[PDB]
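Heads up: the structure comes next, in structure tokens.
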Amino acid sequence: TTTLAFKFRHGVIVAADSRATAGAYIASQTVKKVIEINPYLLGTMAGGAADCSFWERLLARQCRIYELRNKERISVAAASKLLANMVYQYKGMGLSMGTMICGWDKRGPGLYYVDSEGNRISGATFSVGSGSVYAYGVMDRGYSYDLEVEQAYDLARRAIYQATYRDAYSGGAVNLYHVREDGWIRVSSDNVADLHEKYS
Amino acid sequence: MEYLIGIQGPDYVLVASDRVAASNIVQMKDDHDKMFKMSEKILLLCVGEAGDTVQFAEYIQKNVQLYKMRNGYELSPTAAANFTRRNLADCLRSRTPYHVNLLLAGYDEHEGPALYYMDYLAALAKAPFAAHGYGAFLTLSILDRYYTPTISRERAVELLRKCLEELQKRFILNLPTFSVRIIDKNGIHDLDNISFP
Amino acid sequence: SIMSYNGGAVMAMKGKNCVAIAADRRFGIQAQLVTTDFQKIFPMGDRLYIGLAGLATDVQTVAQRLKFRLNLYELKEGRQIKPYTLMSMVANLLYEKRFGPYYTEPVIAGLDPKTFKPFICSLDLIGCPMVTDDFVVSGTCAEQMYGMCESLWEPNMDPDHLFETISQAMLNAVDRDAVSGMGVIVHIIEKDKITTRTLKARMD
Amino acid sequence: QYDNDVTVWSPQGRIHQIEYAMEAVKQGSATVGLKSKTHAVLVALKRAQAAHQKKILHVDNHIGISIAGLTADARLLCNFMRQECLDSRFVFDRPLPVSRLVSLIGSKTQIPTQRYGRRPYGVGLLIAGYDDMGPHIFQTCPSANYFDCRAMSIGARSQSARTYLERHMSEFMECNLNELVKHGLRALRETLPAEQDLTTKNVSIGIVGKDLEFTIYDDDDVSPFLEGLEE
Amino acid sequence: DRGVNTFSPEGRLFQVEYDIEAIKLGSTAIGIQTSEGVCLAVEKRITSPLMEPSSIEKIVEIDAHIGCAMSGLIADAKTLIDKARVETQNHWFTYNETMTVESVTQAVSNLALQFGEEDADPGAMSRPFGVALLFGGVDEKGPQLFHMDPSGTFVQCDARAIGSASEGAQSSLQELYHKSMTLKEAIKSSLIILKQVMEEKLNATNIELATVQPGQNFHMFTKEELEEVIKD
Amino acid sequence: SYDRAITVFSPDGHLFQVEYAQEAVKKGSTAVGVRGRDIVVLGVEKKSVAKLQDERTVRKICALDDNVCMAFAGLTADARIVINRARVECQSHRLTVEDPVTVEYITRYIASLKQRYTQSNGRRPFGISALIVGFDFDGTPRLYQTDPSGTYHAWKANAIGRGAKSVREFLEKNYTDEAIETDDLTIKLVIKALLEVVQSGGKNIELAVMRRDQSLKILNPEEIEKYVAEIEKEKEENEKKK
Amino acid sequence: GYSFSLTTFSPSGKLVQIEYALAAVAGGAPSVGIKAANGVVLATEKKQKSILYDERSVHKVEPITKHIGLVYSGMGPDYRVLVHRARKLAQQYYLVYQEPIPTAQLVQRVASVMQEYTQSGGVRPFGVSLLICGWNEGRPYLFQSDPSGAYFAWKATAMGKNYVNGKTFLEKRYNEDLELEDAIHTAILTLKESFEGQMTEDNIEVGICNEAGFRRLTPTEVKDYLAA
Amino acid sequence: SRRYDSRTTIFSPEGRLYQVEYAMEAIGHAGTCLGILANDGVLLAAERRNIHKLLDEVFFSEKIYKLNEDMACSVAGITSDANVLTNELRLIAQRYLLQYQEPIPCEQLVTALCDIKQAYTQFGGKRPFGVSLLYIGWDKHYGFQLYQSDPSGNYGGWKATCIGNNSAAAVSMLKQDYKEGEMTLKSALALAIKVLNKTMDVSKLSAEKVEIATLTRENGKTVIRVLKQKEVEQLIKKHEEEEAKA
Amino acid sequence: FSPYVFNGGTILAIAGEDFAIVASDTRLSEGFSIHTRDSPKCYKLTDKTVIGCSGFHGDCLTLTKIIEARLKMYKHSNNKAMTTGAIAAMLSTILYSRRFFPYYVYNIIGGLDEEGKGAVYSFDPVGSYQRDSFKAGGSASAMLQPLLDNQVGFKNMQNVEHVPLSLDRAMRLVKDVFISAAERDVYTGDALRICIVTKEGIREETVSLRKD
């Protein structure tokens, strides 16, 4: 798995791969790793899929309950706080989870990283999975805050491609999302074999 | 990794820590903050495991702020420290034990400044200076060599810079920038972070 | 082990009409100093002292709970407590946790406020009291003080000889241990006064 | 006063609360059910007052019910029955019979008649089912007493239907399905104030047999059974 | 004295027959359905010219496709509404689809006659809720409206009024209904009914109005989206 | 345990315990609140001063948090309990969510607490009617109210306790935009209002004022007497006008 | 079980069930307790209403430990309860402190129980007021508890049927410097005024608290003393 | 199980509870108690009722108690119910010490009790406690402190108070003869001996139908001392002489 | 002791424009022996949805009973049959319920879409599902999955037409694939059962394989 996310002037961008393995046998190659929690939030899958789906569904339900009760969209900080305080009651059982919560609240964009151990932290560039190490190198050398939209897309795509080239437990297709002040949008879903020729 | 240090003067207190987070090969962050403000003139520096630090610190913070908004005055540091120690030793012998170390630098109007120490087993010593983490090995001696009870302010800052240079010279982990704060009769003050290019 | 995680040593002797108690004042974690002013001797009433050694957190916890119960006892009916009663109370307090216990080894020393008859006692990890007229020892340097107090002690001892006796033994017994030392504190009790002293020790 | 509680026998051995509950069944819309040699039928009235509530339910492929009391407490017994049948199918792999089910339902209802602060269920029930021994019609009252009858009806002014059935008793066991339907519908027709005739927006009918699993008919499928009336 | 689960010599519980008389003191509400959505209108019953009228919430949202109007005791209702919401979400959690209005009303009614002293009463429920609700929403089979009493006997309807003066107004609402009636005529009829039945006046502040027409979600009328129709 | 029905309906709905709890408020101590343009005022009064009492101890204006205040007009033992519960919840909310509370949140919390005790077994309803005030984010001063039944409405100038009827009748005819223009003006209104229920002048007043980021204030009798004399002079001038 | 109090405040502010219980000890087989320097004395009275009854089977003076005594005035059946409770609390105190329990603490705890049976769920107050003697650190102790939970440290008091006429008789005879030989005479003679018919030993029971342990006197001793 | 209950917690038709305002009617027939605070100490006086051939002076005292190193109480109601509130207060103070390792302020200790008897007016079904009290203590924040309490969880601080039989006449005669910040521990005892014989129904005091306690701070430590018969004899004699001066 | 077993029993599924297919072997084994040769692993829930399971047998049986008990509950409480997406969303939760003592079954569901199309859902023993077009879970997954992706997805084939699938072609493909995957795997053989879902209803077939 390789999932990355970063924020800049015109909001946040998320990217992920589409492979799943069971040992050394490729089960499927068309997985959805960018979860659509709500029309204003987004998630991410890494580790166990059942967990990273169940708990995020519960989170979405709680967000909707809050919106109904208080008549105001919830914030990213409180959402990540909820998600962290939910799985902390299952410390030392076998749960594996690594997640990114992204959004835009009254004080601007927001990106938080969460995991099953308990460390919840903000930031501006994040990447997790078995191929995060290869993607950090490409994301750093190329990152900038005063960037355009037509370029961050290519940046994330190239990072994911170069991560799949070396890592064996990651490959398949590349999914990319972009969040804005209004809501998020699905911009593209490419294939690695169709990108290899685009480059050399 | 981790590093906390505290120094006590005649009419002030000086605390410092590192600001870094990592997952076994890579540092995710470089602007962390290991400090917590329990009140206007009390500071808790916690460190240790992953998800226990924030839980414990926020529990303590809530209870102290509640005491304040309930009674009408604040809580003395010599009391907050024993409260922390009691709660931690109690939760040590249950299904959810916490694995953390902490300092509780503070200041008071009657007894003056204070500096304490804990070791995740609920000991609660007290000293005119103290430190945590592996780095403590390469910077405690220095204190014992150059420290005096009537140490002024800038001289304490210089001693701190000395210890940090020693760390960056003999220690393997990077730890390039630190957060430092001071406590005085008027309150808390934040100083320019000690950074090395 | 876990008992020696920090280190400690305490001793107590008996004389003619005055008793004594002594202890070391180091605090550290298994190889390292932190501070040299740690308190191990607590006053449980007047003419009655208690010293604990072992795990520091349990040291403090026991001290606090004992003060709780002792204050409630004193307030219920007004009488300064007797030493044997304190021995039994600590026994109960340590045996209530036979499973999941503490790790302290107490030592009690005091008089009787009706005849000023001296009394000293040593308990164990679970409350096995052992009253001795000679002396009592508790800590990690126990076999270095048994053989030291069995070679100097005598039946009747004046206060000054009692102070000169317990001090040499304690010092020359901790000078052969590495997880105990860095100061010595002595308390001598009398019929109408108490004298507290600190000695000159090596800081190596 | 021996009337305010359910744990106080009267000087003549009468628990007034159970009678006061029974008096709640003689106010609801009437319902009827009779037995044949092969099938079982149930009908109702659905007194609209301009919409009203339904009056028939489904328990399982071979058992159905008709209620004439408090609609809130009836759903409770319905759930009880559904769960009992699900359990019997999960464990033994066999459709639970009718006799044991009615016995269970009777025991479930006796407890609150014997302690403090409770009240008896104020609903009567008509049960229709089919098993190896043929069809079965059962009746249930607030008191934990269940009968086994060839024909019965409950509700207000249900005496006329009872008399009409006692007069037509020796005619079943050979009539066909539609003949049974006509007999039942013309028996129910007497529980009206001689000022209204049965229509499609009032009647609801359920039917069970050895070849069909308790089918219900709504207002739009009852018309086929209305032809053949008189004054 | 007497208990709470005690019957009368008529087959009628006592607390319920007594509570139903409470709704005869509350304000009035009207709910209507048609072939292309429903309509809910309610009254506020102001008392003083110093209360902020924007604080009176009598028409709430259960979900994007369900609504609710309430009369009687506005307090006892706050315990049921939440429940409904919860139920709905749990449905979407396990089945990834929307709950029916019949199901929602049934789940709410199941919580009406849960009260008595025998049980340990962890829920502490000691008496019935004095409220009368009026739901409404789109579903898999067209739009639906329902009515609920404090006894748990929900029944579907086509146009219903509840409240103090919901005795003669129901007649007028019984005359002015045809299956092919549209939404606008229904709204105007409900408004004129409330005018004739209300005492003080008919302003765009003393009313709340809502619709659940298909295609769209629950909607509340603004202060400006109202007066444009009162000019009759 | 105790599982018995304390509050129950009646032949007219008419929950009796609440109708009775509402009578204590009719004899407690008057209180007044006002929501000005950039200030909020609380003028609790009806104090029975004995000259041998520490004014600190019995106050009746309390802070639940730096944003919110409160006043009450009934039994004190229960008010203390309510205020403690509310402080607890304010802190828990500031914990889970990383931002302070809003007036409506804590008001709804208190209302749910009040209503739970009109339905639970073995519990007796509260006997207080509070008067909350606060400063939400982006300013927006807010004044609310509550009853022992569980209701709550947002008011502009409401009064509780004994004599609140006359206070409301006097206030509904004096609160105007042209009358509320400055901080010094909002307060005079409260003093003029309390002068009616007042018994022997300005000897029983515990005025306060909440402004943007002061977090509280209480006035000393000096300015109270100054304002009283100013009101007397204004009354003399108006009488000369008539 | 019922959960609500049956003892409640009256309009005048007084608990009435306590008074109604205090009216029971009025008929309670008069008892007597006297204090001296070398010990304390307790003496009851028996009302065997037949020769068919037995004598060496029923005992009113029951010990608590080796140094504390007991006697009552009122309902017998409600006295063994307190006896058992006290014998339990004494052993608890011993097991904890490894030392016999003093007297005052025992009276405190017993009264705490007698009061806890005053506003609990579905019970009534007891119908007895105890009298308990003891010896501690070289000094006697006499105490008297009530059904309300209040205990006083009395000195030659009396209670029962003719106490108003037994305490005035006991006031004009207490010299305060007596030995443990004539205090017994005084005890006997006091209740001798409240006795109908011929007196004997089988109609009397006695116990003493000297510096050797609480003891009960056999019929031989009572007979020897009954001889003036 | 419903025709034997009084429900014990019910709002009367006028908004008032009955059991509480009844217990307050018996409180007014108990041992007169009085409390004064002076710039250099705090004094607490009380009146006794038992005069017989009793074993007096067996304990520290009959009406005064202790709660910690720096507090005391003077309960003036039913004794049986009061013997448990002292235990509760001691438990509270010891728990506070165990947790914060510092002496407990007095206001906290008063509130934690006024909350224990509030539940007895709302939940349960039990009759409430029927005792009013008078706490004296010293803390480092406000110094000397005297506080009051009432059967329904209601408390308030004062400068000088009296409760029990004839407390109103005392409170009246006391609000005139009390100078603000112009008082000491030498004249406070005099005013106490004055009001006590101006209020008590006996012709005069014999120093045996009275009791007094003083709390002061002497060389850091805090002293709570009761006066011997000789001291009170000298005090009453000096009062007699002062009155003779008129 | 060990509370699990291995029985084998590969499963296969396919979806089409207006039809769905579910195929299974017919045999039960334990170690190196054979218990029986008539034990199908395909079951019918409603008139437009079938399901197959493989792995530990007791868990399979009890899970089928559970599903059948809950469909009736839904029908009773909502007065309507349950769709395919709903059954999948319910199965995810039923599985995750036992996250710390899991089942050991690899489920597959086939049926008709809401309107008229064909739908397939592949699951895991923990409850992670996703909609797919063709899946061959079971023991012989590695033997069939690499084949169905060439003749049905046309991977690694250039200048090839799409020529959408049909009914008889898919049936014959399934037959040939299972006839070939029996000479290499030892847990599979002795018969083959096919269940087909179409606009009309549910039809069944039967074929014979070699007996080892």
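Each chain carries a letter (A, B, C, D, E, F, G, H and I) given by its place in the written order, and its residues are counted from 1.
Keep in mind that, in the parts below, a residue touches a chain if its C-beta (ideal position, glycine included) is under 8 Å from a C-beta of that chain, and two chains touch if they have at least 3 such contacts.
To keep track of the chains, here are their UniProt names: A = Proteasome subunit beta type-5; B = Proteasome subunit beta type-2; C = Proteasome subunit beta type-3; D = Proteasome subunit alpha type-1; E = Proteasome subunit alpha type-5; F = Proteasome subunit alpha type-7; G = Proteasome subunit alpha type-2; H = Proteasome subunit alpha type-4; I = Proteasome subunit beta type-1.
The minimum number of touch steps separating chain C from chain G is 1.
Central chain (C-alpha centroid nearest the global protein C-alpha centroid): F. Between the Cα centres of chain A and chain G there is a gap of 82 Å.
Distance from the chain A centre to the chain I centre is 32 Å, each centre being the mean of its Cα atoms. We define each chain's centre as the mean of its Cα atoms; on that basis chain D and chain H are separated by 73 Å.
Chain B and chain H have centres, each the mean of its CA atoms, that are 47 Å apart. Counting partners per residue, chain B has no residue that reaches two or more other chains. In chain A, no residue reaches two or more other chains under the touch definition. In chain D, 116 are the positions where the chain touches two or more neighbouring chains simultaneously.
All chain pairs that touch, listed by label, are A-B, A-E, A-F, A-I, B-C, B-F, B-H, C-G, C-H, D-E, D-I, E-F, E-H, E-I, F-G, F-H, G-H. The residues of chain E lying in touch with chain H in their complex are 1, 3.
Considering their complex, residues 58, 82, 86, 89-90 of chain D touch chain I.
Within the complex formed with chain F, the residues of chain E that make contact are 3-4, 15, 18-19, 21-22, 25, 48-52, 54-56, 73-76, 78-79, 117-121, 124-128, 130. Residues 2, 4, 6, 17, 20-27, 50-54, 56-58, 76-78, 80-81, 122-125, 127 of chain F are the ones that touch chain H when the two sit in their complex.
Residues 64-65, 67-68, 71-72, 75, 78 of chain C touch chain H in their complex.
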